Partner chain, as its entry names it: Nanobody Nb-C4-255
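First, one chain by itself in structure tokens, the form deposited without the partner chain.
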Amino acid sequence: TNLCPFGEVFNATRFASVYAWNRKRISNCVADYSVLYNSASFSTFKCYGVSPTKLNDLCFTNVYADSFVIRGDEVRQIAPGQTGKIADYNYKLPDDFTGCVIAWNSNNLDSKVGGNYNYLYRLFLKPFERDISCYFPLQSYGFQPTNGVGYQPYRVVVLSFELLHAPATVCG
């Protein structure tokens, strides 16, 4: 009864840029979701399609966990059926969304005094596109603890749940 390894998913020291977002497939383990509901420390807990307390009693063939870091104000840009900077250039999301969205503060880790220029965004998609490639069309965020709330570095993970013709691999 090996757990699904979410300690390196949530408590990774370095995530990725939003144009190179880290997707990790999760299969063949047991996963606990109610402790992620009752962690009581996430600035954004939103679960689409299905309630998070009842997710512990469900089974899924494949999970895709997508991880990136965005600004403050555009946590509201994570929805299906909308427009936005992330929604057009960085991470577009399909309208049939049964996965769930967790975001939290990372001013403590993803920013520092004097500027954090770690992360990169497409300043110049279809759903689930990771776009790799006279200006260069990309820019870098400027991250300070003295930056504003909408300027704050937040970490976002997105859980995509799939049922296929395979037998079920991830349960609770």
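Numbering follows the first chain given and starts at 1.
According to the record, the deposited sequence contains no missing residues between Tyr117 and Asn118, so the chain is continuous there.
Unmodelled stretch separating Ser133 from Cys134: 10 or more residues (count of deposited-sequence residues without coordinates).
In what follows, reference is made to the form solved in complex with the partner chain, a form of this protein that is not presented.
Counting a residue when any of its non-hydrogen atoms is within 4.5 Å of the partner chain in the deposited bound form, there are no hits in 136-172.
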